[PDB]
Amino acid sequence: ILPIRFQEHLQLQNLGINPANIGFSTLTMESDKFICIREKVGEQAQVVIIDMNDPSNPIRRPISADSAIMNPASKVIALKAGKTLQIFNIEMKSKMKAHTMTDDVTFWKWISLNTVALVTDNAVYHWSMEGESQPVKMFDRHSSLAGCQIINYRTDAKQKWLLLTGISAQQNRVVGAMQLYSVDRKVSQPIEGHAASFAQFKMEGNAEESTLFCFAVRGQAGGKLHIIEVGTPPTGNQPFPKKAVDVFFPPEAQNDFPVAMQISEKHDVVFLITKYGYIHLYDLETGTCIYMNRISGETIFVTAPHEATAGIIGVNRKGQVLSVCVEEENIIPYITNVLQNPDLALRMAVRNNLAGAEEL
């Protein structure tokens, strides 16, 4: 019995997708509802839109864009070409917005149901779809990300803590460089790190939720996972005690590093995936490592939250679409009998109303 459940959802090559177009610059997955792939067929560029609820009937349309990202919840697509941004509602067959930036947008993504984040060489912007809203500058980029490949951008629930991540080669390894920005303080901090997420967590005894920042890093000395409260606690709350724990890489994976993180607020667990397809599960409250294993031969290059199970969904270089979530009937007995940690098993059983700690 394992504490997690692995599932294959689709094989993209079986829907006529060219394997050469299955990668980070051409395939986007902004949520679990859609996958978008840019393909060139003859002289004509096209977008293929896969509805994950009806995947055998994809729409293919002509485009002239360098990047396409679908809204997390609706058939509303954003397209760009250099500095030119355009937004379309597909069901309404209409152009809803257009904007031309001063600088080329090098990376973008949806950070909520109605807001797109834009990254240029110099700065980060947020653009709301409400009313006649225009892009608003959030902060200037820090010099420590200069020349990095930008791989991610994330925020907390309230959009008060913002996090930009890039990577590059230094001393024959992949080094991550993050910029954490506080909107209320108007201050940045540079941090060495590879993958991260924010989460809301209500501690025993507190009236208000804590906002936590979790990040994983493979540094010059080994892997580490940090879980730390950002800002001063909501009035009347105890502060969350910070945790720092090891992240294991085997001796034969000397070049591997963290590429993705998703946190389940249903189970209060952190899912970590590495470039070469290793999956780790940690407890959010303590940082205790619950499980690790290799689950993809091919590299995983994009992930999202998997709504139905509160797990993680992703796509590998072969075009396998896969998910991992907590196995609710097994996790508590596993922790008790295989990890031999009755304290953690009892805590998780009562905290998240899971069955299995009636006999320890």
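The term rigid core refers to the maximal set of C-alpha atoms that superpose within 1.5 Å between the two forms. In this text, residue numbers run from 1 along the sequence as written.
Student: Between 198-206 and 128-136, pick out the one whose C-alpha positions differ more from the shown form in 8 other deposited structures of this protein, using the rigid core for superposition.
Tutor: Comparing 198-206 with 128-136, the larger C-alpha deviation in 8 other deposited structures of this protein belongs to 128-136.
Student: Check the entry's C-alpha temperature factors for 83-91 and 252-260, then say which stretch has the higher mean.
Tutor: Stretch with the higher mean C-alpha B-factor: 252-260.
Student: 35-43 versus 61-69: which one carries the higher mean Cα B factor per the record?
Tutor: The recorded data point to 35-43.
Student: Sort 166, 222, 190, 135 by C-alpha B-factor from the entry and give me just the highest.
Tutor: So the option with the highest C-alpha B-factor is 222.
Student: Go through 179, 106, 102, 114 one by one and give the residue whose Cα B-factor in the PDB entry is largest.
Tutor: So the option with the highest C-alpha B-factor is 102.
Student: Taking the values exactly as deposited, rank residue 55 by C-alpha B-factor within its chain and report the matching third: lowest, middle or highest.
Tutor: According to the entry, residue 55 has a C-alpha B-factor in the chain's highest third.
Student: Sorting the chain's CA B-factors, does residue 314 end up in the lowest, middle or highest third?
Tutor: Lowest third, going by the recorded CA B-factors of the chain.
Student: Looking at the C-alpha B-factor of residue 237, is it in the lowest, middle or highest third of its chain?
Tutor: CA B-factor rank for residue 237: highest third.
Student: Among the modelled residues of this chain, does the Cα B factor of residue 204 put it in the lowest, middle or highest third?
Tutor: Answer is highest: the recorded C-alpha B-factor places it there.
Student: Could you look up the Cα B-factor of residue 26 in the entry and say which third of the chain it sits in: lowest, middle or highest?
Tutor: For residue 26, the deposited C-alpha B-factor lands in the middle third.
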